[PDB]
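Asker:
In our numbering, the protein residues as written are 106 to 184.
#1: Once DSSP output is grouped into helix, strand and coil, what is the label at residue 155?
#2: Just to check my reading of the structure: residue 112 and residue 129 have Cβ atoms closer than 8 Å, yes? What is that Cβ distance to the nearest angstrom?
#3: So residue 180 and residue 153 are in contact, right, with Cβ under 8 Å, and what is the actual spacing, rounded?
#4: If I measure Cβ to Cβ from residue 121 and keep anything under 6 Å in the same chain, skipping five residues before and after, which residues do I get?
#5: Should residue 141 go down as buried or exposed, given a rule of 16 or more other Cβ atoms within 10 Å for buried?
#6: Please name the residue, chosen from 118, 150, 148, 155, that lies closest to residue 135 on a Cα-to-Cα basis.
#7: Figure out for me which residue from 163, 167, 150, 151 has the closest Cα to the Cα of residue 157.
#8: Which whole-angstrom value describes the C-beta separation of residue 115 and residue 127, a residue pair presumed to lie in contact below a C-beta threshold of 8 Å?
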């Protein structure tokens with residue numbers, strides 16, 4: 106249906122941008138996007154900025170003791 110190649114080209118012509126923006130405009134799951142870019146850069150593209158948003162756990166919000174997080178999204182950026 107939709108592979109990472111999409112955001113790849115978009116960012117290939119744009120540059121510093123976030124994937125969550127596109128996914129949002131299409132109501133596409135955000136938690137997946139995190140893996141979309143992560144998986145894309147997993148090979149060694151350029152740069153990626155992962156960000157999380159929640160409002161339940163007060164202890165785990167900024168600091169990452171484990172790393173895993175429920176529902177997350179990152180951004181794609183080049184040099």
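The C-beta atom is built at its ideal place from N, Cα and C for all residues, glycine as well.
Answerer: Here's the rundown:
#1: Here residue 155 corresponds to residue number 50 of the chain shown, with the count starting at 1. Strand at residue 155.
#2: Working through the chain shown from its first residue, we reach residue 112 at position 7. Working through the chain shown from its first residue, we reach residue 129 at position 24. Contact flag wrong, Cβ pair sits at about 13 Å.
#3: The count along the chain shown starts at 1 and reaches residue 180 at position 75. The count along the chain shown starts at 1 and reaches residue 153 at position 48. About 7 Å; that satisfies the 8 Å criterion.
#4: Position 16 of the chain shown, counted from the first residue, corresponds to residue 121. Closer than 6 Å at Cβ, skipping near neighbours: 182.
#5: Translated into positions along the chain shown, residue 141 becomes position 36. Per the 10 Å Cβ criterion, buried.
#6: The residue given as residue 135 occupies position 30 in the chain shown. The candidate whose alpha carbon is nearest that of residue 135 is 155.
#7: Along the chain shown, read from residue 1 onward, the residue named residue 157 stands at position 52. Here the closest residue by C-alpha is 167.
#8: Along the chain shown, one-based indexing puts residue 115 at 10. Along the chain shown, one-based indexing puts residue 127 at 22. Contact holds; Cβ gap of about 7 Å.
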